[PDB]
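One structure is given here, and the rest of the page talks about it.
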Amino acid sequence: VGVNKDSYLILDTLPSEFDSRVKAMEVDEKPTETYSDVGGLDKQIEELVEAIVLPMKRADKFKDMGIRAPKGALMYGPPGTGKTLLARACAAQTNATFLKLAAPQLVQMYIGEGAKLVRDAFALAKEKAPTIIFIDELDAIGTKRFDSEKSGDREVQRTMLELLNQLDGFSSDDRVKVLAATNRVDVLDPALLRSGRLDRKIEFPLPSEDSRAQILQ
Amino acid sequence: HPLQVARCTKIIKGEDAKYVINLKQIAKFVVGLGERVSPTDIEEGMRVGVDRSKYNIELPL
Amino acid sequence: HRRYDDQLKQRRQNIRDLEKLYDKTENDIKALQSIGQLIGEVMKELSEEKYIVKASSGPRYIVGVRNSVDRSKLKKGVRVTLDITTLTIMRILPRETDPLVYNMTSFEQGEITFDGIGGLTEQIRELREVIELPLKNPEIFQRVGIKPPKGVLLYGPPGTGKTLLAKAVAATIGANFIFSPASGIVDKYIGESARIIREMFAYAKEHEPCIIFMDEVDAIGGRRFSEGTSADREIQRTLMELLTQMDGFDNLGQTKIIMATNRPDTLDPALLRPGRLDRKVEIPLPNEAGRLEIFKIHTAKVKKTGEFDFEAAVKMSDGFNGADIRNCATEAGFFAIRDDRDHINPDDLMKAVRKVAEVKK
């Protein structure tokens with residue numbers, strides 16, 4: 001809000017902003033990929049569609065049915081098959097804004113600022129809806145252990161907790177999706193037990209003869 | 001020019017139709033539109049060019 | 001004649017409407033010459049002619065007084081107003097908490113009901129009996145001569161609907177719900193971190209009854225990383241302040257603090273000792289009775305063909321709390337989006353509870 005330099009008084013209000021705008025976030029409005037570009041990954045398309053895409057599309061239907069919408073999935077399992085490529089495909093298909101948010105950038109050595117970053121992510125994500133927040137790593141919104149070194153790993157407990165608290169806050173409405181990706185599942189706080197958190201736990205298997213052949217074509 | 005945020009700490013010369021760009025925690029001056037083949041922008045309190053927030057000194061020096 | 005009368009009423013409107021907008025813009029220049037002045041807070045009063053005040057622009061100054069003050073609203077630790085060019089006490093202000101949403105997000109009441117989340121029954125009752133009864137009636141605790149309860153811990157999964165319970169207790173008392181981000185209590189400046197604990201408590205006393213809810217306590221109540229330090233002294237600075245308020249002359253009974261963490265194995269030994277937490281509620285396995293109530297409640301807001309036998313559904317689980325039960329609901333719903341309907345059979349419901357059980361514990 002716009003304050004006088006030496007008269008200290010609000011003449012006018014200026015648009016919102018807190019820190020730099022899109023500081024930890026990459027913005028890519030609508031990937032160029034399709035499930036006609038990425039193909040042979042078909043079974044991983046089925047899982048993915050039932051967890052996120054159908055609650056987004058048919059949001060109204062979830063409201064009338066009068067269940068709440070799951071907003072989240074967690075993927076683990078091997079990439080090197082086009083895990084990243086599938087994520088962007090889903091993004092293209094639903095017409096979501098793809099936001100690559102890197103978990104190490106939050107994890108700041110400075111106070112809280114990281115907490116604020118998690119909130120800003122939701123805030124823009126809710127304005128841009130549909131949106132997939134695609135989280136590079138899981139090692140810095142997680143890996144907090146259960147020992148007394150979970151003390152040191154505070155910054156990572158706090159970024160995560162907030163993002164979940166915020167999703168269940170708004171679980172009935174499907175606007176924002178959260179996807180985390182890793183090679184393999186890590187130690188985390190319980191969150192796989194709840195619709196409004198990252199309910200869904202999706203496995204990547206390996207290809208088979210039909211799948212290799214499509215991938216070759 | 002290297003730089004990790006732009007910081008022209010004044011800007012008398014130069015949506016928007018003039019630059020006032022200064023990327024810092026303690027204050028902010030924000031203009032969305034770069035370019036400026038005349039005056040050729042830059043000058044001022046010198047770290048200048050593109051921003052790690054994308055307001056951007058686009059193409060003076 | 002007649003037309004002048006039509007236009008006279010009309011152009012007097014075409015004025016009146018401009019005049020008010022137009023007077024207001026002229027008032028913006030007048031306000032621009034009606035200047036503001038900065039606030040600081042009195043560190044301590046030396047004399048009625050010498051004070052130490054900390055201006056909010058940073059340094060400390062010795063100031064005297066100037067025109068337009070009261071001397072009976074003066075005290076240590078009140079905020080005052082100081083001149084831009086004379087740096088003296090021009091007027092005296094109340095002191096203000098500042099309501100925030102950044103380092104203390106306050107939600108008067110909770111946004112989810114306590115009676116509606118029943119089937120989480122055991123936890124609900126323990127929480128009522130520690131919280132509700134002293135808050136409404138201090139008088140009973142006072143007559144016996146044993147103090148009202150201090151601090152409560154919820155421990156066990158946050159994802160089973162712990163969070164729901166905390167909001168829900170706040171809703172029935174009409175208490176002020178104070179949600180705290182523990183990391184946000186981690187500013188890297190002199191005393192900002194002291195200041196937040198202090199503000200949070202002062203405001204709790206004014207706005208009492210209140211729930212002060214501490215989200216994952218390991219960061220304001222660690223144990224140390226390895227006995228070593230990197231940043232785990234900020235954690236100690238925080239933690240001594242909470243122990244001090246407790247130990248103090250100020251007593252917890254209309255301000256209640258509730259700590260939450262998944263694991264009790266990164267709580268400090270100080271807290272685990274009675275008298276900084278004394279009540280420790282654990283999140284249990286349900287009854288057969290608990291599961292039924294929660295299945296019935298979840299499918300009541302839901303649209304369905306057929307009466308549902310919740311009793312089978314309960315058998316098909318073994319100790320699902322409300323969050324686990326919700327995954328089963330949506331699962332059934334997925335075959336219904338496919339079957340191109342907003343209704344679900346009994347038949348869907350049996351399959352659904354079992355697929356969720358198998359994919360975890």
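Starting from 1 in every chain, residues are counted up; chains themselves are A, B, ... following the order of the structure tokens, and ligands are numbered from 1 as listed.
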>> Applying 10 Å and only C-alpha atoms, which residues near segment 42-55 of chain A remain after dropping the ones on its own chain fewer than 2 positions away? List them as a count of residues only.
In response: 53
>> I'd like the neighbourhood of segment 13-28 of chain B as a ChimeraX atom specification, where a residue qualifies if any of its atoms comes within 12 Å (using only C-alpha atoms), though same-chain residues fewer than 2 positions away should be ignored.
In response: /A:1-3,5,14,16-21,23,113 /B:3-11,30-58,60
Take the residues just selected and output them with N, CA and C atoms as a compact mmCIF listing (two decimals), in the first residue's frame.
# COMPACT_ATOMS: atom_id res chain seq x y z
N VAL A 1 0.89 -1.17 0.00
CA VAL A 1 0.00 0.00 0.00
C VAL A 1 0.90 1.18 0.00
N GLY A 2 0.44 2.33 -0.61
CA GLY A 2 1.30 3.38 -1.00
C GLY A 2 1.23 4.53 -0.05
N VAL A 3 2.38 4.75 0.60
CA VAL A 3 2.62 5.58 1.83
C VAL A 3 3.55 6.76 1.41
N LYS A 5 6.52 9.45 1.60
CA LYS A 5 7.90 9.35 2.04
C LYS A 5 8.20 10.08 3.34
N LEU A 14 -1.43 -0.20 -3.77
CA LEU A 14 -0.73 -0.68 -4.96
C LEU A 14 -1.01 -2.18 -4.95
N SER A 16 -0.67 -6.34 -4.45
CA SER A 16 -0.03 -7.27 -3.52
C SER A 16 1.33 -7.72 -4.11
N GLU A 17 2.19 -8.16 -3.07
CA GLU A 17 3.53 -8.66 -3.19
C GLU A 17 4.18 -8.74 -1.87
N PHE A 18 4.94 -9.83 -1.64
CA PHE A 18 5.59 -10.14 -0.43
C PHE A 18 6.69 -11.04 -0.98
N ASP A 19 7.95 -10.66 -0.58
CA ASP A 19 9.22 -10.95 -1.20
C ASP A 19 9.23 -10.61 -2.74
N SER A 20 10.16 -11.19 -3.48
CA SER A 20 10.03 -11.19 -4.95
C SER A 20 8.91 -12.16 -5.37
N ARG A 21 8.26 -11.76 -6.48
CA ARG A 21 7.16 -12.45 -7.07
C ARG A 21 7.74 -13.59 -7.92
N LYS A 23 9.46 -16.26 -6.85
CA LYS A 23 10.91 -16.35 -6.50
C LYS A 23 11.40 -17.80 -6.56
N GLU A 113 10.28 -17.11 6.13
CA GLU A 113 10.30 -16.77 4.70
C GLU A 113 9.90 -17.95 3.81
N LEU B 3 24.87 -10.30 -12.55
CA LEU B 3 23.95 -9.71 -11.57
C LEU B 3 22.92 -10.73 -11.11
N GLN B 4 22.41 -10.62 -9.85
CA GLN B 4 21.56 -11.64 -9.34
C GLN B 4 20.25 -11.04 -8.96
N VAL B 5 20.21 -9.71 -8.76
CA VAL B 5 19.01 -8.90 -8.77
C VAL B 5 19.43 -7.57 -9.36
N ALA B 6 18.52 -6.85 -10.05
CA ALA B 6 18.74 -5.50 -10.49
C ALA B 6 18.44 -4.48 -9.39
N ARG B 7 19.17 -3.36 -9.40
CA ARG B 7 19.14 -2.40 -8.32
C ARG B 7 19.58 -1.05 -8.84
N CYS B 8 18.70 -0.37 -9.59
CA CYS B 8 18.91 1.02 -9.94
C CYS B 8 18.27 1.91 -8.88
N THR B 9 19.06 2.40 -7.91
CA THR B 9 18.58 2.94 -6.63
C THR B 9 17.97 4.34 -6.63
N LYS B 10 17.37 4.80 -7.73
CA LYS B 10 16.85 6.16 -7.86
C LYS B 10 15.88 6.20 -9.04
N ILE B 11 16.41 6.27 -10.28
CA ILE B 11 15.72 6.34 -11.58
C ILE B 11 14.84 7.54 -11.92
N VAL B 30 8.80 -1.05 -8.86
CA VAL B 30 8.42 -2.09 -9.79
C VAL B 30 7.85 -1.47 -11.05
N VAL B 31 8.43 -1.79 -12.22
CA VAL B 31 7.84 -1.51 -13.53
C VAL B 31 7.89 -2.81 -14.30
N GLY B 32 6.82 -3.17 -15.05
CA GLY B 32 6.78 -4.44 -15.77
C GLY B 32 7.46 -4.45 -17.11
N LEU B 33 7.80 -3.27 -17.67
CA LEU B 33 8.19 -3.15 -19.06
C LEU B 33 9.63 -2.65 -19.24
N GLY B 34 10.50 -3.53 -19.80
CA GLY B 34 11.92 -3.27 -20.07
C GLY B 34 12.22 -2.52 -21.36
N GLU B 35 13.06 -3.09 -22.24
CA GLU B 35 13.48 -2.51 -23.52
C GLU B 35 14.23 -1.17 -23.48
N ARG B 36 13.63 -0.06 -23.96
CA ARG B 36 14.23 1.32 -23.84
C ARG B 36 15.52 1.48 -24.60
N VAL B 37 15.49 1.23 -26.00
CA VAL B 37 16.51 1.62 -26.94
C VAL B 37 16.96 3.07 -26.93
N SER B 38 16.14 4.02 -26.41
CA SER B 38 16.52 5.33 -25.95
C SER B 38 15.95 5.48 -24.55
N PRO B 39 16.63 5.76 -23.36
CA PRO B 39 18.00 6.33 -23.27
C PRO B 39 19.03 5.21 -23.40
N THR B 40 18.61 3.95 -23.41
CA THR B 40 19.39 2.74 -23.23
C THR B 40 19.48 2.36 -21.87
N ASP B 41 18.45 2.77 -21.03
CA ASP B 41 18.31 2.52 -19.60
C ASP B 41 19.58 2.46 -18.76
N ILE B 42 19.84 1.32 -18.08
CA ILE B 42 20.96 1.11 -17.17
C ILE B 42 21.22 2.24 -16.16
N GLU B 43 22.43 2.83 -16.16
CA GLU B 43 22.92 3.87 -15.27
C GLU B 43 22.61 3.65 -13.79
N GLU B 44 22.30 4.74 -13.07
CA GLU B 44 21.80 4.71 -11.72
C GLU B 44 22.69 3.98 -10.71
N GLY B 45 22.11 3.37 -9.65
CA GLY B 45 22.87 2.69 -8.59
C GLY B 45 23.42 1.32 -8.92
N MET B 46 23.76 1.04 -10.19
CA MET B 46 24.44 -0.11 -10.78
C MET B 46 24.62 -1.53 -10.15
N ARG B 47 23.56 -2.36 -10.03
CA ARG B 47 23.64 -3.72 -10.60
C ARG B 47 22.40 -3.72 -11.48
N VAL B 48 22.52 -4.02 -12.78
CA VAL B 48 21.43 -3.82 -13.74
C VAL B 48 21.48 -4.87 -14.84
N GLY B 49 20.30 -5.35 -15.28
CA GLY B 49 20.11 -6.40 -16.27
C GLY B 49 18.90 -7.18 -15.85
N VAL B 50 18.77 -8.45 -16.28
CA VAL B 50 17.68 -9.33 -15.88
C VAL B 50 17.67 -9.77 -14.41
N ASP B 51 16.46 -10.03 -13.88
CA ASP B 51 16.21 -10.26 -12.48
C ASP B 51 15.86 -11.70 -12.15
N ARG B 52 16.36 -12.20 -11.00
CA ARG B 52 15.82 -13.38 -10.33
C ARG B 52 14.50 -13.06 -9.58
N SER B 53 13.53 -12.57 -10.38
CA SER B 53 12.12 -12.29 -10.12
C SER B 53 11.41 -11.90 -11.40
N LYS B 54 12.16 -11.72 -12.51
CA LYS B 54 11.65 -11.41 -13.82
C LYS B 54 10.84 -10.12 -13.99
N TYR B 55 11.33 -8.99 -13.41
CA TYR B 55 10.90 -7.66 -13.80
C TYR B 55 11.74 -7.18 -14.99
N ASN B 56 13.08 -7.26 -14.86
CA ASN B 56 14.04 -7.30 -15.95
C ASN B 56 14.38 -6.01 -16.66
N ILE B 57 15.62 -5.54 -16.41
CA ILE B 57 16.47 -4.85 -17.36
C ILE B 57 16.71 -5.56 -18.70
N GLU B 58 15.68 -5.81 -19.53
CA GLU B 58 15.85 -6.45 -20.83
C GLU B 58 16.60 -5.61 -21.85
N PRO B 60 19.46 -3.19 -21.96
CA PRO B 60 20.54 -2.23 -21.79
C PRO B 60 21.76 -2.95 -21.22
> What's the 6 Å shell around segment 99-114 of chain C, counting only C-alpha atoms, without same-chain residues fewer than 5 positions away, as a ChimeraX atom specification?
Replying inline: /C:167-168,170-171,174-180,184
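Neighbouring residues of residue 82 of chain C at 12 Å or closer, counting only C-alpha atoms and skipping chain neighbours under 6 positions away, are residues 36, 37, 38, 39, 40, 41, 42, 51, 53, 54, 55, 56, 57, 61, 62, 63, 64, 65, 66, 67, 68, 69, 88, 89, 90, 91, 92 and 93 of chain C.
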In segment 145-320 of chain C, what's strand (DSSP E or B) per DSSP? Answer as a PDB file with N, CA and C atoms, in the first residue's frame?
ATOM      1  N   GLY C 151      -1.190 -27.743  30.409  1.00  0.00           N
ATOM      2  CA  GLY C 151      -0.900 -27.880  28.985  1.00  0.00           C
ATOM      3  C   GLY C 151      -1.148 -29.268  28.669  1.00  0.00           C
ATOM      4  N   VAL C 152      -1.522 -29.524  27.400  1.00  0.00           N
ATOM      5  CA  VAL C 152      -2.135 -30.766  26.941  1.00  0.00           C
ATOM      6  C   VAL C 152      -1.283 -31.051  25.824  1.00  0.00           C
ATOM      7  N   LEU C 153      -1.043 -32.372  25.555  1.00  0.00           N
ATOM      8  CA  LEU C 153      -0.343 -32.800  24.335  1.00  0.00           C
ATOM      9  C   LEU C 153      -1.213 -33.722  23.620  1.00  0.00           C
ATOM     10  N   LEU C 154      -1.279 -33.623  22.228  1.00  0.00           N
ATOM     11  CA  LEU C 154      -1.890 -34.514  21.363  1.00  0.00           C
ATOM     12  C   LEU C 154      -0.716 -35.078  20.690  1.00  0.00           C
ATOM     13  N   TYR C 155      -0.703 -36.439  20.719  1.00  0.00           N
ATOM     14  CA  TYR C 155       0.404 -37.037  20.077  1.00  0.00           C
ATOM     15  C   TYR C 155      -0.150 -38.264  19.334  1.00  0.00           C
ATOM     16  N   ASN C 176     -10.884 -18.222  21.403  1.00  0.00           N
ATOM     17  CA  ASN C 176     -10.146 -17.667  20.301  1.00  0.00           C
ATOM     18  C   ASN C 176      -9.109 -18.727  19.913  1.00  0.00           C
ATOM     19  N   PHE C 177      -9.084 -19.164  18.653  1.00  0.00           N
ATOM     20  CA  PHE C 177      -8.243 -20.266  18.204  1.00  0.00           C
ATOM     21  C   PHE C 177      -7.006 -19.551  17.733  1.00  0.00           C
ATOM     22  N   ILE C 178      -5.800 -19.976  18.170  1.00  0.00           N
ATOM     23  CA  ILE C 178      -4.554 -19.312  17.830  1.00  0.00           C
ATOM     24  C   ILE C 178      -3.802 -20.391  17.333  1.00  0.00           C
ATOM     25  N   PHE C 179      -3.537 -20.300  16.002  1.00  0.00           N
ATOM     26  CA  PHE C 179      -2.808 -21.316  15.237  1.00  0.00           C
ATOM     27  C   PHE C 179      -1.390 -20.656  15.155  1.00  0.00           C
ATOM     28  N   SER C 180      -0.299 -21.412  15.513  1.00  0.00           N
ATOM     29  CA  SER C 180       1.033 -20.948  15.414  1.00  0.00           C
ATOM     30  C   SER C 180       1.920 -21.830  14.470  1.00  0.00           C
ATOM     31  N   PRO C 181       2.657 -21.245  13.514  1.00  0.00           N
ATOM     32  CA  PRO C 181       3.665 -21.928  12.775  1.00  0.00           C
ATOM     33  C   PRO C 181       4.880 -21.903  13.587  1.00  0.00           C
ATOM     34  N   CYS C 210      -8.986 -19.083  25.217  1.00  0.00           N
ATOM     35  CA  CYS C 210      -8.187 -19.262  24.002  1.00  0.00           C
ATOM     36  C   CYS C 210      -7.539 -20.600  24.056  1.00  0.00           C
ATOM     37  N   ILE C 211      -7.346 -21.219  22.852  1.00  0.00           N
ATOM     38  CA  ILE C 211      -6.540 -22.407  22.544  1.00  0.00           C
ATOM     39  C   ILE C 211      -5.301 -21.873  21.920  1.00  0.00           C
ATOM     40  N   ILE C 212      -4.057 -22.160  22.391  1.00  0.00           N
ATOM     41  CA  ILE C 212      -2.875 -21.822  21.700  1.00  0.00           C
ATOM     42  C   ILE C 212      -2.366 -23.098  21.161  1.00  0.00           C
ATOM     43  N   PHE C 213      -2.380 -23.255  19.783  1.00  0.00           N
ATOM     44  CA  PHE C 213      -2.087 -24.554  19.185  1.00  0.00           C
ATOM     45  C   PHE C 213      -0.759 -24.543  18.560  1.00  0.00           C
ATOM     46  N   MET C 214       0.194 -25.425  18.971  1.00  0.00           N
ATOM     47  CA  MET C 214       1.588 -25.307  18.505  1.00  0.00           C
ATOM     48  C   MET C 214       1.766 -26.445  17.486  1.00  0.00           C
ATOM     49  N   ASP C 215       1.983 -26.131  16.157  1.00  0.00           N
ATOM     50  CA  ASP C 215       2.023 -27.101  15.141  1.00  0.00           C
ATOM     51  C   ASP C 215       3.493 -27.627  15.105  1.00  0.00           C
ATOM     52  N   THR C 255      -6.113 -19.463  29.648  1.00  0.00           N
ATOM     53  CA  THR C 255      -5.307 -19.607  28.427  1.00  0.00           C
ATOM     54  C   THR C 255      -4.841 -21.007  28.444  1.00  0.00           C
ATOM     55  N   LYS C 256      -5.207 -21.834  27.449  1.00  0.00           N
ATOM     56  CA  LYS C 256      -4.766 -23.173  27.378  1.00  0.00           C
ATOM     57  C   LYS C 256      -3.856 -23.346  26.168  1.00  0.00           C
ATOM     58  N   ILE C 257      -2.796 -24.115  26.364  1.00  0.00           N
ATOM     59  CA  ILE C 257      -1.812 -24.362  25.324  1.00  0.00           C
ATOM     60  C   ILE C 257      -1.882 -25.809  25.093  1.00  0.00           C
ATOM     61  N   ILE C 258      -1.884 -26.264  23.812  1.00  0.00           N
ATOM     62  CA  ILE C 258      -2.013 -27.574  23.344  1.00  0.00           C
ATOM     63  C   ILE C 258      -0.894 -27.643  22.388  1.00  0.00           C
ATOM     64  N   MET C 259      -0.011 -28.710  22.503  1.00  0.00           N
ATOM     65  CA  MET C 259       1.222 -28.940  21.735  1.00  0.00           C
ATOM     66  C   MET C 259       0.754 -30.123  20.890  1.00  0.00           C
ATOM     67  N   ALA C 260       1.276 -30.245  19.617  1.00  0.00           N
ATOM     68  CA  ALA C 260       1.013 -31.317  18.722  1.00  0.00           C
ATOM     69  C   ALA C 260       2.296 -31.648  18.091  1.00  0.00           C
ATOM     70  N   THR C 261       2.573 -32.994  17.989  1.00  0.00           N
ATOM     71  CA  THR C 261       3.711 -33.460  17.201  1.00  0.00           C
ATOM     72  C   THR C 261       3.354 -34.973  16.931  1.00  0.00           C
ATOM     73  N   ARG C 279      -1.106 -33.168  31.261  1.00  0.00           N
ATOM     74  CA  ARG C 279      -2.040 -33.943  30.465  1.00  0.00           C
ATOM     75  C   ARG C 279      -1.478 -34.388  29.132  1.00  0.00           C
ATOM     76  N   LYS C 280      -1.500 -35.743  28.836  1.00  0.00           N
ATOM     77  CA  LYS C 280      -0.931 -36.228  27.598  1.00  0.00           C
ATOM     78  C   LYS C 280      -2.028 -37.108  27.017  1.00  0.00           C
ATOM     79  N   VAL C 281      -2.720 -36.695  25.961  1.00  0.00           N
ATOM     80  CA  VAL C 281      -3.772 -37.421  25.327  1.00  0.00           C
ATOM     81  C   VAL C 281      -3.086 -38.105  24.222  1.00  0.00           C
ATOM     82  N   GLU C 282      -3.472 -39.399  24.033  1.00  0.00           N
ATOM     83  CA  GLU C 282      -2.922 -40.196  22.943  1.00  0.00           C
ATOM     84  C   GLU C 282      -4.149 -40.474  22.089  1.00  0.00           C
TER      85      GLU C 282
END
Could I get the residues of segment 75-190 of chain A with an atom no further than 9 Å from an atom of segment 218-228 of chain C, each paired with its nearest atom pair and that distance in Å to one decimal, using only C-alpha atoms, sorted by chain and residue number, as CSV?
residue,atom,partner,partner_atom,distance
A:147,CA,C:225,CA,8.8
A:148,CA,C:225,CA,5.8
A:149,CA,C:225,CA,4.4
A:150,CA,C:218,CA,6.8
A:151,CA,C:222,CA,4.9
A:152,CA,C:225,CA,5.6
A:153,CA,C:219,CA,8.3
A:154,CA,C:219,CA,5.5
A:155,CA,C:219,CA,8.4
> Skipping near chain neighbours, those fewer than 6 positions away, what residues fall within 10 Å of residue 84 of chain A using only C-alpha atoms, listed as a list in words?
Replying inline: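 Contacts, in chain order: residues 134, 136 and 181 of chain A.
When atom CA of residue 132 of chain C is paired with atom CA of residue 320 of chain C, their separation reads 27.1 Å.
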> For residue 192 of chain A, which residue among C:312, C:336, C:356, C:271 is the nearest when counting only C-alpha atoms?
Replying inline: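 When distances to residue 192 of chain A are compared using only C-alpha atoms, the smallest one comes from C:356.
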> Got a sec to pull out which chain A residues are within 6 Å of chain C, counting only C-alpha atoms, and send them as a ChimeraX atom specification?
Replying inline: /A:7-9,65-67,111-112,148-149,151-152,154,190-191,193-195
> DSSP on the backbone: what in segment 51-268 of chain C comes out helix (DSSP H, G or I), as a ChimeraX atom specification?
Replying inline: /C:121-136,138-144,158-160,162-173,182-184,192-206,234-247
May I have the residues from that selection written out with C-alpha atoms, as a CSV table (one decimal), in the first residue's frame?
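Result went into again.csv, see below:
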chain,number,residue,atom,x,y,z
C,121,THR,CA,-15.5,-40.0,20.4
C,122,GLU,CA,-12.7,-41.1,22.8
C,123,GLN,CA,-10.4,-38.2,21.9
C,124,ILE,CA,-13.4,-35.8,22.0
C,125,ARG,CA,-14.3,-36.7,25.6
C,126,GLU,CA,-10.8,-36.4,27.0
C,127,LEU,CA,-10.4,-33.0,25.3
C,128,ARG,CA,-13.7,-31.8,26.7
C,129,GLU,CA,-12.8,-32.7,30.3
C,130,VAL,CA,-9.5,-31.0,30.3
C,131,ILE,CA,-10.6,-27.9,28.5
C,132,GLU,CA,-14.3,-27.0,28.7
C,133,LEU,CA,-15.0,-27.5,32.4
C,134,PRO,CA,-12.2,-25.2,33.9
C,135,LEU,CA,-13.0,-22.5,31.2
C,136,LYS,CA,-16.7,-22.3,31.9
C,138,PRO,CA,-13.0,-21.9,37.3
C,139,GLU,CA,-15.0,-22.0,40.6
C,140,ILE,CA,-14.8,-25.9,41.1
C,141,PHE,CA,-11.1,-26.1,40.6
C,142,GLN,CA,-10.6,-23.1,42.9
C,143,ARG,CA,-12.7,-24.6,45.8
C,144,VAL,CA,-10.7,-27.8,45.9
C,158,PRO,CA,-1.7,-35.5,12.6
C,159,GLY,CA,-3.2,-37.2,9.5
C,160,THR,CA,-6.0,-39.1,11.2
C,162,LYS,CA,-6.0,-34.5,14.9
C,163,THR,CA,-6.2,-31.1,13.3
C,164,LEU,CA,-10.0,-31.3,13.0
C,165,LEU,CA,-10.2,-32.0,16.8
C,166,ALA,CA,-8.2,-28.9,17.8
C,167,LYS,CA,-10.5,-26.6,15.7
C,168,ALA,CA,-13.6,-28.4,16.9
C,169,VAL,CA,-12.8,-27.8,20.7
C,170,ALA,CA,-12.4,-24.1,20.0
C,171,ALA,CA,-15.8,-24.0,18.3
C,172,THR,CA,-17.9,-25.2,21.3
C,173,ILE,CA,-16.2,-22.9,24.0
C,182,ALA,CA,6.5,-23.0,15.2
C,183,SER,CA,9.3,-21.9,12.6
C,184,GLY,CA,7.6,-18.5,12.3
C,192,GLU,CA,11.7,-10.3,17.2
C,193,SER,CA,11.5,-14.0,18.5
C,194,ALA,CA,11.1,-12.8,22.3
C,195,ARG,CA,8.5,-10.3,21.1
C,196,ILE,CA,6.2,-13.0,19.4
C,197,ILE,CA,5.9,-15.2,22.5
C,198,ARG,CA,5.2,-12.2,24.6
C,199,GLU,CA,2.5,-10.8,22.1
C,200,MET,CA,0.9,-14.3,21.8
C,201,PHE,CA,0.4,-14.7,25.6
C,202,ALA,CA,-0.7,-11.1,26.2
C,203,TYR,CA,-3.4,-11.4,23.5
C,204,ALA,CA,-4.4,-14.8,24.9
C,205,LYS,CA,-5.2,-13.1,28.3
C,206,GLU,CA,-7.2,-10.4,26.8
C,234,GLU,CA,17.6,-20.6,18.3
C,235,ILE,CA,15.5,-23.6,19.4
C,236,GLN,CA,16.8,-23.3,22.9
C,237,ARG,CA,16.0,-19.4,23.1
C,238,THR,CA,12.4,-20.2,22.1
C,239,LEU,CA,12.0,-23.1,24.4
C,240,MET,CA,13.3,-21.2,27.7
C,241,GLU,CA,10.7,-18.6,27.0
C,242,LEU,CA,7.7,-21.1,27.0
C,243,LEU,CA,9.2,-22.8,30.3
C,244,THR,CA,9.5,-19.3,31.9
C,245,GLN,CA,5.9,-18.3,31.3
C,246,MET,CA,4.8,-21.5,32.8
C,247,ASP,CA,7.1,-21.5,35.9
> Excluding same-chain residues fewer than 3 positions from residue 317 of chain C, what lies within 8 Å of it counting only C-alpha atoms, as an MDAnalysis selection string?
Replying inline: chainID C and resid 313:314 320 353:354 357
